[PDB]
A.B. asks: 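This is the structure, below, for whatever I ask next.
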Amino acid sequence: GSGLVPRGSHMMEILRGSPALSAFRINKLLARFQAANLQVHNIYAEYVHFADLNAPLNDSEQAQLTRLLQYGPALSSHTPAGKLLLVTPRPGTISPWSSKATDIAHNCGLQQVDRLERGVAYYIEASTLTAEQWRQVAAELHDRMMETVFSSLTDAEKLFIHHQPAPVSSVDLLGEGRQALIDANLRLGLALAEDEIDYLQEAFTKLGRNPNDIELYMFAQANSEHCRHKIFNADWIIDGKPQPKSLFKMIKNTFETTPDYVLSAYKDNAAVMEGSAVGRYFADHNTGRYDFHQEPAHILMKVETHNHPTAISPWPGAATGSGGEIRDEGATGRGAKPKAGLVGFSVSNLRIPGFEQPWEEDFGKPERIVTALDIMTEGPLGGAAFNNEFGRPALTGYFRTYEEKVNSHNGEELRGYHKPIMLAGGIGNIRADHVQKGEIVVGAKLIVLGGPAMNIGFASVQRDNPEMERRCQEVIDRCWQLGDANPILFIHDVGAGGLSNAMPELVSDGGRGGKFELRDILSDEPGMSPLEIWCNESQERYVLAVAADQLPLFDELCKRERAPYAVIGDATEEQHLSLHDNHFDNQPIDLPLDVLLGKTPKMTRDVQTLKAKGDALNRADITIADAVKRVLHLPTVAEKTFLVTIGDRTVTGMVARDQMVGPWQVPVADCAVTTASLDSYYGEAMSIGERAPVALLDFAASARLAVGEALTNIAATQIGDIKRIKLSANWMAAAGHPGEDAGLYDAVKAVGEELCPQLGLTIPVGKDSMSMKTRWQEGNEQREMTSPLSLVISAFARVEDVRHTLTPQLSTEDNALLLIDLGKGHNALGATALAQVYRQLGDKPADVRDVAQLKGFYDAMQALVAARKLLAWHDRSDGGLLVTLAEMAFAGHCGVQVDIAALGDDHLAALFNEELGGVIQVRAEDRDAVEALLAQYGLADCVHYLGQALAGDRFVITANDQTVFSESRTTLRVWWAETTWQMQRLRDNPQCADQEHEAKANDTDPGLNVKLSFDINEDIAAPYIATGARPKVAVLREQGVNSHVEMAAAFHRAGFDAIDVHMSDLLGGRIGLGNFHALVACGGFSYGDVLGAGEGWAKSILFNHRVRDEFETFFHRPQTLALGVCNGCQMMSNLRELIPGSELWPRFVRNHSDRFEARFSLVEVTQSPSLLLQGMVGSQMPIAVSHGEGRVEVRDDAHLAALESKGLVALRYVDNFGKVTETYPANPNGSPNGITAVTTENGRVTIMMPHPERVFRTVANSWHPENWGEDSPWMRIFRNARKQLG
Ligand SMILES: Nc1ncnc2c1ncn2[C@@H]1O[C@H](COP(=O)(O)OP(=O)(O)O)[C@@H](O)[C@H]1O
Ligand SMILES: [Cl-]
Ligand SMILES: [Cl-]
Ligand SMILES: [Cl-]
Ligand SMILES: [Mg+2]
Ligand SMILES: [Mg+2]
Ligand SMILES: [Mg+2]
């Protein structure tokens, strides 16, 4: 029986949940305790749930609540023993878990539930221990930045305290003079300049009234160098000479020179370029049916960083970095649709315990920040949690480690990334007449779309709820999908400054003022002051203007999606900002907009050039063999799987090229490619170029190389005209650090005024983060860790044919490998991975050697791509030619025999320079034609025949008759894997990490391979489609689901009319299942998987008796068909009681890896009654997997044997040898007997974890046999459905 006690005006129920930690996590905790000399005999942990009730539950409601709070894997339950430590969110905070779980309760009719929260009760047996050591135990069990530890369950009442609203406070300028502003500036941490203090003093003396804190806070944000970009708008004097252009004007030079294809630059959040005219697939507002709409899909692009918050709390830092950038995309124009993401990290040395590398030295860090290791453990998980749960695939990225004492521009000092680069970006699509924002009508309603606010903007500890952002995106999508009737007049993301930035910017951009009502804004924290409500940086919010007459439409759209919103003001003709408070009947803000948005003078930066003298590499301890080993262990170079498979790469159904390449799924793809629509071969490409360490020797060369590498990474994609490629430039520097300012100017000039104009590359978007350094006291000594100037270039392009992309996967057919050395034999070793791993900086770095030749290289690559003359491509970058060739051999699972005698006598420099260029593989018969073709672009003396790819395990580098380097390719491949192995091992289930790593050492692995039991080109649905009779399918979705459009598209290809059926449609009677003969429950993250993946969705059905009866009725009809995929499989497994023949079905629980798995996994189709798998039994082919809770769990061995004997298993993971497996990641989730689909006795209902709808197009299979046509094997599931309905 659960606890129930008074809690102010309410009652608080305390419910016991389930064991919270798996055995390996328990063992990890005990080992941490042993290692810190805390003698802990045992530890057990249990979730506990807290429900704050505004009215009582009856017996039935109580049983409902209890059932809602049963979820999770069925771990070993124990009777509590020893000391209780309860870990909860900090008082004053509300977990994302709380927001989601409380929505579930409400959708199951539990309106009495005011709020649910969760904690973890730890039961620690350690009968020794002093209270000092108890605080040390407690420290180990919580995150000090977001959680607190309590000694009683009943202390959870403090989480639900309701504080009375705090009033506005004035700053008494009139009563104290300027000192009041000075006091306020220090108290509120506004960081105002003297001349800003002067401006505010005058403005308010002029008005004759004291400013409120809220008005000062608002002004401080809107004027900080960041929001105002003072450095990038500054006048410069350098070495005594005035400069004619600001940094911004130099970036704009690129648009002045190359306007081509650009639709929007510097006037929104995202830049927009031309895309392709394609069939855009979405559900019509009138019919609810999914239809193709032939129109241009233009391409938006944006890249942002979130550096300081990630240094403090990396998980939410990364997660909200992604969340904010996703909102910028969605709020482009009058609404747009994010499509795919990219991710970047730069951090200091990892210093992985037990795997220290020889270049690494502990220099200490500030106590207030986390280590590089914690950033790379938790940060990628945060960014991926946002991308996965929002539903955008993350398809390209970079990850660099740098921390060294070097003799740079300011002499000998510590250079690194204690404050990291945390970068998030992406592309999206946007309609032609939404690229422009409108012109705000007077009396327009001004709306906040999204989450109830809390006091968030401890103040750098963010909080993310991606499911809220998904619900808002669905609204925005409905809006732009109305074309000319889109009701969004203007929209803007809410980010830095909260509403205090966003709403003034919304009305300003529309030439208007606003008047606002504070008490209309949705709030989860009644205590907040007007300052906190107006200025907090609570996440997942947008602001928009809608005409009064469209408000009923907007309301309907929001309610169907379950996206909260509030009309909070009206647009005024008068250009005044008014905020009123109905509670305190006063006016926290009453200001003309010109007063608020008032510029002090522009900055002048008067600076001088510092320039390091290089020092030639000391080679005394370097051999080629040792160097190969060290370089492959540099995380920058090394295999990146830990950053890739944690993130979904198939959501949308438009991913053509992800990071993982070939049958061996090696993450070496140089760029990302998406299709433009679900029915096109046109597309979009993304690449990244960065080379920060070079800036320690040469600022301008580091920038030129960033541009160059973005181009070399994208070059083997079919684009055509170089002017199609558009760049984002993100500039990270320690402004004011000696030499960095002049270097910044010179780098911006090097790209903006020189290289990009000459190549024809526009930079229509960009950002800057200008305090990339960290200071702290280490001994009695001041310490400082300062970043190199760090330009990250992201390149975006329209793609002419996604099928023609090349990867690094070498063929072993008769071939030639040719190096294109754009370094022209300079072979520079300064600031290379080679230099870094021997703790040096070296002498001269690479650089763009010849602009015409770089353009020539691009053009020549485009010609070879279009003529189908390349077998493979991989560019040269970190780790040089050696790494390029090794990675190609990894991807090809083969050997190379190369000769480097033509590349100079210095073999080390030939192999390890990081000059621009790369290796092309061509058919041996095409070698002379390819060489002549390259010669036509001026490249002859840069092109060198190296040798060939050969079947086998030999990686061999010769120079004439001398062996320069020779090793097992497998050995090198395993060395290169060691960093990801060790990361996975400390972050995930070490048993899984080890299994994955060990499989890499088996050269006999034949890679993904197929066996087909049917003809995959035979359209068995074609006779039905040809009659023109198209049966409906209910494509079912719930709040937070994300993969509903591609599911519809698969069914549509098989001849169905796909209907968009939200659970809100079933609940409002707008749709009835009695009108359908087929249903599908789609994937994604309903309710964010809170209360167990699929459970909230299922239980919202089961606890609403009418909708429940409707499902049951559907499933009991004699000819109805249903499919559940991923989240829908989870949902339907929780709905067993309504589905006949489902008694032996398992549950689907947390993966054994304890990690989200985004894999392209090999399965076989097994013999079952499943009607959707007819004709496919015995087939083996890969399929998209994307889930965290896919592990089949049975109630005991009896139930496993019964399920098996009944013959209801329909798909099983196999290894690449074709055998059923439980070894990871071949089986990605630990399901017994590889089980990942089941059917009912009648075969009419089938549920599966993988996503056949994501891979029905051959072009969307990460790897596939060359001879396939447009249809993959998985198309047959949807065709089988059509045919069965007859
Ligand atoms: N932070 C990351 N998140 C996702 N993928 C990443 C990340 N860092 C690198 N990758 C991917 O891993 C592969 C190897 O990356 P890297 O060796 O840095 O690329 P390159 O040397 O071609 O620039 C690429 O496909 C790249 O997109
Ligand atoms: Cl027990
Ligand atoms: Cl095959
Ligand atoms: Cl009802
Ligand atoms: Mg690389
Ligand atoms: Mg590359
Ligand atoms: Mg790179």
Side-chain angles (χ1 to χ4, degrees), residues 24-25 27-32 34-36 314 345-365 370-381 398-405 416-418 420 621-623 625-646 666-667 693 785 833-840 878-879 882-883 886-887 890 967-968 970-1001 1153-1155 1224-1225:
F24 85 90
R25 296 280 177 218
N27 297 338
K28 266 181 186 177
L29 273 179
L30 285 170
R32 214 99 49 186
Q34 245 242 26
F345 295 93
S346 298
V347 297
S348 293
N349 297 136
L350 300 183
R351 289 185 293 113
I352 294 170
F355 187 65
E356 262 65 66
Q357 295 302 322
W359 55 93
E360 295 185 292
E361 183 173 336
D362 184 3
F363 292 116
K365 49 156 204 82
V370 303
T371 63
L373 188 53
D374 189 58
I375 294 161
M376 292 313 300
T377 299
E378 305 301 332
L381 300 169
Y398 88 91
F399 156 47
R400 183 176 292 277
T401 52
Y402 200 88
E403 178 189 12
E404 198 45 88
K405 185 160 64 199
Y417 291 104
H418 277 202
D621 290 10
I622 300 179
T623 61
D626 185 61
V628 160
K629 197 173 187 165
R630 288 199 187 205
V631 172
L632 291 172
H633 285 82
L634 182 72
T636 313
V637 166
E639 200 177 18
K640 302 287 195 296
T641 311
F642 79 104
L643 300 176
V644 176
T645 60
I646 59 168
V666 181
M785 179 67 65
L834 172 71
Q836 178 177 7
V837 298
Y838 290 98
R839 315 203 56 189
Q840 291 176 65
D878 309 293
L882 176 289
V883 168
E887 289 179 346
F890 302 166
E967 186 49 277
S968 163
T970 297
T971 298
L972 299 171
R973 189 265 175 283
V974 169
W975 287 344
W976 178 81
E978 284 182 351
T979 300
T980 191
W981 169 48
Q982 291 287 318
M983 286 306 293
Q984 290 174 59
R985 198 166 208 290
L986 56 80
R987 187 186 67 188
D988 306 338
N989 190 325
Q991 170 186 21
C992 300
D994 288 352
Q995 284 177 178
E996 180 166 12
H997 189 245
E998 293 161 3
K1000 302 168 179 185
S1153 69
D1154 196 29
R1155 191 59 50 225
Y1224 171 93

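Positions are given from 1, in the same order as the sequence printed here.
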A.B. asks: Quick check: closest heavy atoms across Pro380 and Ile646, and the distance to 0.1 Å?
C.D. replies: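 Closest approach of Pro380 to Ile646, heavy atoms only: O-CD1, 3.5 Å.
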A.B. asks: Identify the heavy atoms of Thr980 and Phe642 that sit nearest to each other, and give their distance.
C.D. replies: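 So the two residues come closest at OG1-N, 2.9 Å.
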A.B. asks: Check for a donor-acceptor pair, side chain of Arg1155 on one end and backbone N or O of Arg987 on the other, with a separation under 3.5 Å.
C.D. replies: yes
A.B. asks: If I take atom OG from residue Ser1153 and atom CD from residue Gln991, how far apart are they, to the nearest 0.5 angstrom?
C.D. replies: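 Here the interatomic distance stands at 11.0 Å.
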A.B. asks: Mind listing the closest non-hydrogen atom pair of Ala833 and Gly879 along with its distance?
C.D. replies: CB-N, 3.8 Å
A.B. asks: If you define the side chain from C-beta out and look only at heavy atoms, does anything of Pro635 sit under 4.5 Å from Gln357?
C.D. replies: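 No, too far: nothing below the 4.5 Å cut-off.
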A.B. asks: How long is the span from the CZ atom in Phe24 to the CG atom in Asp1154, to the nearest 0.5 Å?
C.D. replies: 4.5 Å
A.B. asks: Output all residues satisfying salt bridge (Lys or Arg N to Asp or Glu O under 4.0 Å) with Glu361, sequence neighbours left out; order by chain, then residue number.
C.D. replies: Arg839
A.B. asks: Identify the heavy atoms of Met376 and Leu350 that sit nearest to each other, and give their distance.
C.D. replies: CG-CD2, 3.9 Å
A.B. asks: Can you list everything that forms a side chain to side chain donor-acceptor pair (under 3.5 Å) with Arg400? Sequence neighbours excluded, please.
C.D. replies: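 Side chain to side chain donor-acceptor pair (under 3.5 Å) check on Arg400 returns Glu690, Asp878.
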A.B. asks: Between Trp975 and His633, what is the ring plane arrangement, given parallel below 30°, perpendicular above 60°, and tilted in between?
C.D. replies: tilted
A.B. asks: Measure the NZ-CD distance between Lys405 and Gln840 for me, rounded to the nearest 0.5 Å.
C.D. replies: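 It is 13.5 Å, given to the nearest 0.5 Å.
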A.B. asks: Has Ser348 got a side-chain atom pairing as donor or acceptor with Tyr417's backbone, closer than 3.5 angstrom?
C.D. replies: yes
A.B. asks: If the condition is ring pair (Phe, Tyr, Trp, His ring centres under 6.0 Å), which residues does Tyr402 pass it with, not counting sequence neighbours?
C.D. replies: none
A.B. asks: What are the two closest heavy atoms between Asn349 and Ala372, and how far apart are they?
C.D. replies: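 What the structure gives for the nearest pair is O-CB, 3.4 Å.
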A.B. asks: Rounded at 0.5 Å granularity, tell me how far CG in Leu972 sits from CG in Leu632.
C.D. replies: 6.0 Å
A.B. asks: Sequence neighbours left out, what passes side chain to side chain contact (heavy atoms under 4.5 Å, CB included) with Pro1225? Give chain and number order.
C.D. replies: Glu996, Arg1159
A.B. asks: Can you run down the salt bridge (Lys or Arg N to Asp or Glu O under 4.0 Å) pairs that involve residues 626-646, sequence neighbours left out, and say none if there aren't any?
C.D. replies: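 The answer is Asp626-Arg630, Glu639-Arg973, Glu639-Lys1000.
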A.B. asks: Can you give me the closest heavy-atom contact between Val347 and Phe399, atom names plus distance?
C.D. replies: CG2-CE1, 4.0 Å
A.B. asks: Check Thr979, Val631, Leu882 against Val637 for a side chain to side chain contact (heavy atoms under 4.5 Å, CB included) and give me the one that passes.
C.D. replies: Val631
A.B. asks: Hydrogens and angles aside, do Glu403 and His418 bring a side-chain donor and acceptor to less than 3.5 Å of each other?
C.D. replies: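 The answer is yes; a qualifying pair exists.
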A.B. asks: Check salt bridge (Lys or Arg N to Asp or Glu O under 4.0 Å) between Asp362 and all other residues, then give those that pass, not counting sequence neighbours.
C.D. replies: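 Once residues adjacent in sequence are excluded, the partners of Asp362 under the salt bridge (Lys or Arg N to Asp or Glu O under 4.0 Å) criterion are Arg351.
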A.B. asks: With side chains defined as the heavy atoms from C-beta onward, is the minimum distance between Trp981 and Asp994 less than 4.5 Å?
C.D. replies: yes
A.B. asks: Can a donor-acceptor pair be found, under 3.5 Å and without considering hydrogens, that links the side chain of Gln836 to the backbone of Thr401?
C.D. replies: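 Checked: pair present.
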A.B. asks: Is any side-chain heavy atom of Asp988 closer than 4.5 Å to one of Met983?
C.D. replies: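 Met983 vs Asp988: side chains apart.
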